[PDB]
Amino acid sequence: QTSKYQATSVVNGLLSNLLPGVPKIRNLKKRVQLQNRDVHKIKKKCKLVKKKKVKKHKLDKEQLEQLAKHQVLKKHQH
Amino acid sequence: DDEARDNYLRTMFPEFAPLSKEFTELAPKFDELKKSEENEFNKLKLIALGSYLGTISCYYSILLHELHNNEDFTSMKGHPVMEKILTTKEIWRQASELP
Amino acid sequence: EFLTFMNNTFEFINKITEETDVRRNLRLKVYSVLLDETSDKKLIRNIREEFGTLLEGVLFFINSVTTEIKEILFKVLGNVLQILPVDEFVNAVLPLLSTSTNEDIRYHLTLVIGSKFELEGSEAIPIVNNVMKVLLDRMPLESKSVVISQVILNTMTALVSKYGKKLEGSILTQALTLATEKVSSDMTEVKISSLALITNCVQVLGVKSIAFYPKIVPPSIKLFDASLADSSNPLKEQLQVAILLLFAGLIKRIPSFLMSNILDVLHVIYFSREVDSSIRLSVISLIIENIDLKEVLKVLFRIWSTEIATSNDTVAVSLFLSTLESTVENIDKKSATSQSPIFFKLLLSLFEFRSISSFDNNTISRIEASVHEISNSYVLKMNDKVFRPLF
Amino acid sequence: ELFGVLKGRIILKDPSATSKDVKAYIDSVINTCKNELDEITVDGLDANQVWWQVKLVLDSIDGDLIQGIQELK
């Protein structure tokens with residue numbers, strides 16, 4: 001059950017990387033409408049969402065490490 | 001036979017025979033560039049000839065394969081590898097003038 | 001009785017570990033010791049060793065758990081992972097992977113290592129180089145356990161996908177060697193993860209991966225032949241999508257070198273029944289925009305008359321039609337003249353379907369209508385001289 | 001090997017023989033500029049693929065080689 005979930009997720013990850021607009025795992029007319037899909041915007045949206053999350057955690061590390069740094073400074077001063 | 005097969009090469013590939021003569025005369029010279037001292041003039045002459053010999057050699061590999069696989073294939077003059085032969089040959093010619 | 005106390009006991013531990021002031025939070029105290037220069041390196045080692053025992057203990061209960069207590073242990077597990085930083089976390093946990101003798105504990109341990117890098121940046125590059133090397137050394141040891149083998153590859157797949165270019169090349173080449181070996185694994189899951197790992201590797205390596213190219217495309221095709229046979233394979237859809245996504249990965253990265261074997265790629269796309277059309281059509285469009293069209297027209301004749309002509313598959317035929325319309329509407333005037341005898345050779349074949357087609361009249365009629373408009377397209381963009389002998 | 005045969009029967013010869021020499025000359029050129037691809041791989045690849053490796057290698061080196069020839073002129 002876990003291996004299947006890992007298989008889907010691994011296959012799912014490739015789908016986003018190579019074919020963003022395509023639906024995830026869980027005809028002539030389809031050709032043009034897929035061709036007109038603006039996949040680039042999908043890539044941009046995902047890149048920004050990931051970028052914010054990385055940015056958000058990094059500041060917490062910066063904010064956190066300043067607290068411990070000051071406490072170390074307090075003890076050494078005393 | 002050898003005569004008909006060669007004559008077939010001349011008709012389809014007139015550049016075949018001169019290229020083979022070029023490869024034959026140039027290969028000892030390419031060895032000499034390695035044998036000779038690695039002066040700045042000499043070293044770049046090795047590049048220009050080294051570029052030329054590889055260009056000639058790859059042609060024959062492509063010519064041999066397409067004859068074996070592509071029967072509809074008739075003229076390698078369309079294949080851009082000739083264009084690279086012309087560039088590399090001219091570049092080596094400039095290198096040959098170098099002392 | 002006993003269980004109620006264990007429920008309340010883990011409630012007690014959760015309260016302490018919770019990061020609800022500098023003095024109260026355990027997490028901050030750890031970094032203060034790490035930041036402090038004067039703090040003894042042996043004491044630093046103690047924290048690393050003490051943590052590894054602690055992380056092993058909490059996973060042991062979670063492996064060996066009762067739904068509510070199962071929830072609490074995750075609340076505790078959330079707390080323990082965040083006690084110490086990534087650098088110490090990798091140092092403190094990587095040796096434990098070998099030390100741990102329980103596959104379930106190794107199973108969870110590999111996951112948490114990946115989750116730590118899910119939100120990291122360029123600061124972790126030297127650290128990841130350590131993790132990749134260790135994970136590579138463990139794969140031969142962990143071949144016996146499929147789940148462990150699969151997860152370890154997935155973590156590599158994540159790590160190559162994220163800042164894989166910044167990772168040292170020797171590991172990148174080493175990983176590709178490992179994946180190509182493991183594609184041959186009998187277990188379907190090992191194939192899928194190996195297939196995915198090759199994609200990220202090939203994407204990072206680009207042309208440099210051409211050395212392994214004999215070891216990627218031909219095995220992948222032979223895999224697909226087996227994939228069709230075992231339609232009872234429960235992971236057939238996951239397996240089949242994995243094969244197609246590989247070609248999509250390298251069709252973007254090495255379009256030129258794939259021109260030789262483009263034929264059998266088209267076979268995979270057309271006969272991949274389990275995969276949906278949108279996936280198959282999406283990868284098709286990549287072929288036109290990335291690969292020389294002249295080769296495509298030549299092979300389209302060969303792939304048709306041999307396989308799709310007698311396939312009698314609506315999906316395969318429709319996909320063939322989609323490719324043909326895409327190629328001709330993009331091919332150049334000069335090139336279109338060159339490949340004309342092949343195209344008209346196809347066109348004569350395209351007309352003669354009504355003799356051999358087993359479908360009903362409506363479908364056959366619609367197919368011919370598509371042929372004529374595309375045939376109308378190709379005969380345009382040309383001259384009389386090329387056309388008159390063909391006429 | 002190609003030198004030995006050429007000095008019109010190469011059609012009878014396996015194209016593998018010609019391909020090996022391609023690797024020799026270009027690798028000498030690649031190893032020369034060292035003093036995009038470290039090697040021209042000839043194992044299990046058709047002539048066009050080997051040529052494609054050659055073109056990318058040869059194209060990049062052209063810019064520097066032409067500049068040097070002007071200096072030595």
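Figures for the structure shown
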read-out: Test: residue in segment A:37-53 that is under 22 Å from C:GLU19 (Cβ atoms) and in a helix (DSSP H, G or I); value: yes
read-out: Elements of type helices (runs of 4 or more DSSP H) contained in chain D, each with 1 or more residues being polar (S, T, N, Q); value: D:15-34, D:47-72
read-out: Every pair of residues 6+ apart whose Cβ atoms lie under 6 Å, when the first sits in segment D:58-73 and is of a type in the set (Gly, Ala, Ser) while the second is surrounded by 15 or more Cβ atoms within 10 Å (Cβ to Cβ); value: D:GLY68/B:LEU44
read-out: Number of positions in segment B:40-73 that are buried (at least 24 other Cβ atoms within 10 Å of the Cβ), more than 7 Å from chain D (Cβ to nearest Cβ) and among the aromatic types (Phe, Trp, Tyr); value: 2
read-out: Residues being more than 7 Å from every other protein chain (Cβ to nearest Cβ), of a type outside the set (D, E, K, R) and farther than 19 Å from B:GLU83 by Cβ - total across segment D:46-73; value: 2
read-out: Positions within segment A:18-32 being assigned to a helix (DSSP H, G or I) and surrounded by fewer than 18 Cβ atoms within 10 Å (Cβ to Cβ), in sequence order; value: A:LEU28, A:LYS29, A:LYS30, A:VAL32
read-out: Selection within segment D:1-39 - facing chain B (nearest Cβ under 7 Å), within 15 Å of D:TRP51 (Cα to Cα) and not aromatic (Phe, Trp, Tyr); value: D:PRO15, D:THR18, D:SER19, D:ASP21, D:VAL22, D:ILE26, D:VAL29
read-out: Residues that are facing chain D (nearest Cβ under 7 Å) and not β-branched (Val, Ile, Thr), drawn from segment B:18-39; value: B:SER20, B:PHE23, B:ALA27
read-out: Matching residues, segment C:92-118, being surrounded by fewer than 17 Cβ atoms within 10 Å (Cβ to Cβ) and part of a helix (DSSP H, G or I); value: C:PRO95, C:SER98, C:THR99, C:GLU103, C:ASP104, C:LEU111, C:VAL112, C:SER115, C:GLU118
read-out: Selection status of A:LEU14, surrounded by 12 or more Cβ atoms within 10 Å (Cβ to Cβ) and outside any loop (DSSP other than H, G, I, E, B); value: yes
read-out: Test: residue in segment B:89-98 that is under 18 Å from D:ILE30 (Cα atoms) and within 9 Å of chain D (Cβ to nearest Cβ); value: yes
read-out: Matching helices (runs of 4 or more DSSP H) fully within segment C:272-348 where at least 2 residues are within 14 Å of chain A (Cβ to nearest Cβ) and under 17 Å from C:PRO255 (Cα atoms); value: C:277-290, C:314-328
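Bear in mind that the values in this text are calculations on the coordinates, not laboratory data. So basically every Cβ, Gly included, is an ideal-geometry build from the backbone, and we count neighbours across all protein chains shown.
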